[PDB]
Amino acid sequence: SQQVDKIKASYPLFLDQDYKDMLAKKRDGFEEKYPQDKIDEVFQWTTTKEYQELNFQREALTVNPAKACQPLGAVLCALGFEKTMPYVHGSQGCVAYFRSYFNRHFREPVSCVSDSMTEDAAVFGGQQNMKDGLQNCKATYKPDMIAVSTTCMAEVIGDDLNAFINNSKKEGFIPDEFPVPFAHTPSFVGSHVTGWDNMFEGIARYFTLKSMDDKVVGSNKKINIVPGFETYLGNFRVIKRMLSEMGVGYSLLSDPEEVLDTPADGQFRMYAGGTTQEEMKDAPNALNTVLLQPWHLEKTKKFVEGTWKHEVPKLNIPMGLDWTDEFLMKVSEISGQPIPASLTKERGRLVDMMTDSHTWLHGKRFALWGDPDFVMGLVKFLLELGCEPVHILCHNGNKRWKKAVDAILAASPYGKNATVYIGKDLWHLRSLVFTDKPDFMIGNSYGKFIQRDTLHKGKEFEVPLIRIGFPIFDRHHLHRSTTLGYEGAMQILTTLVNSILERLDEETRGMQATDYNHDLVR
């Protein structure tokens, strides 16, 4: 039933007595469901150390991964170039998913084409798909550039992108000088971040490899900035803002901030802003190139060093106080611009906030996950805040990275109870937050399921999620936030401290029971 003045959606419609009765009847008559006592027994077993040991011996099964496949990252990388259509060679089912994944995180349009290879292409491959695909894309959506990646079907069949694109131009399907950079992006190698690196190095190589003869390091008086896979709009913004405040000439290579935040003003803009072709062509003339996320920009770094001959500085992601300091000092050194009064003040406002908030943060225990650069920056900042990052999970991490993070933990008394996990998933993390319970989780929306699982054991075992990362699907407009620089640190600090105080307010809201500690002032 419904009452027209107070219509009930699924929640709480299905809590009405008639629906409850119907669902009980369905279960009893036809579901052959395990008895509740046995469900409870098994649940309780999944919370144990014994279960965690079996869980950590997995070799073949992955449950609730914390990574995606290469071409997702290639797509994002391509979107950051002016009037560029991302174009994934292979199966269309992939592109439907890439667009939807990003649509749900950015609450924005996400433009990407496929060339719709079918089973028929197993015989000779997708050369005709490429030929008609490029011609059709160019005519229909009028991009200035098509940046080509691959789905796993095209990789297994072994389609030669380079030859297929060259044959498309030879046969007149697209113009000879129309830019079609490409990268192979096998989903069965690394993760989405690797796809970003591959796509970027493809585009770099496209615009610079054959024209190196007239280039002179430093001649354009700028610094190239390569952001990597980045899903906070605030992160592209804050880098540009800081550099501008310093009077540093710079080129941000892959800049989707405009195309991922177009105004709702009565027209759809398929393209907005982005790195220009003129910027990529001129990039070898910069003083140097800075990689904001070096742990997934290794291929880019080899090309920038080997071909552009830039001496890429050894810089950590600019997250937290120390690493934002180091970034600004490196940029100052390269550019010869001093750090201005405005950033020095912003730095001190962050430090003020840290002094204001340190007592609530101190000794707070966190589980966290994400991509390698993001996770190590968060780990670093947590140590700066006197927090304990006890469970550090990076599903797409590698051994070298883990050694780097282990060193960071070793250089801090706050690292003493921390373990770094690589190749492990959120079902592994679930066990850790039961057996060695932290105060909070810092993670993406997939974390909500671990929070639900912990609450089910009991309120005193619940581990609340703090949503920082990618993807975030169950909150609105957090993709507008910032994690980098002093601004990002301020944002993270504020989010953490207020998560702590919100949970304390919940635990002390009990009239005549726990409300003796329900203080007005904290």
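We number the residues from 1 along the sequence you see.
J.: Tell me which of 36 to 44 and 63 to 71 has the higher mean C-alpha B-factor in the deposited entry.
T.: According to the PDB entry, the answer is 36 to 44.
J.: Where do the C-alpha atoms have the higher mean temperature factor in this entry, in 173 to 181 or in 434 to 442?
T.: Per the deposited B-factors, the answer is 173 to 181.
J.: Whose C-alpha has the highest temperature factor in the PDB entry: 294, 195, 313, 93?
T.: Among 294, 195, 313, 93, the highest C-alpha B-factor in the entry belongs to 313.
J.: Quick one: which of 373, 305, 230, 356 has the biggest Cα B-factor according to the entry?
T.: Of 373, 305, 230, 356, 305 has the highest C-alpha B-factor.
J.: Based on the entry's values, in what third of the chain does the Cα temperature factor of residue 10 lie: lowest, middle or highest?
T.: Middle third.
J.: By its CA B factor, does residue 250 count among the lowest, middle or highest third of the modelled residues in the chain?
T.: It falls in the top third of the chain.
J.: Residue 469's Cα B-factor: lowest, middle or highest third of the chain?
T.: For residue 469, the deposited C-alpha B-factor lands in the middle third.
J.: Could you look up the Cα B-factor of residue 348 in the entry and say which third of the chain it sits in: lowest, middle or highest?
T.: As the PDB entry reports it, the C-alpha B-factor of residue 348 lands in the lowest third of its chain.
J.: Going by the CA temperature factor in the PDB record, which third of the chain does residue 52 belong to: lowest, middle or highest?
T.: Middle third.
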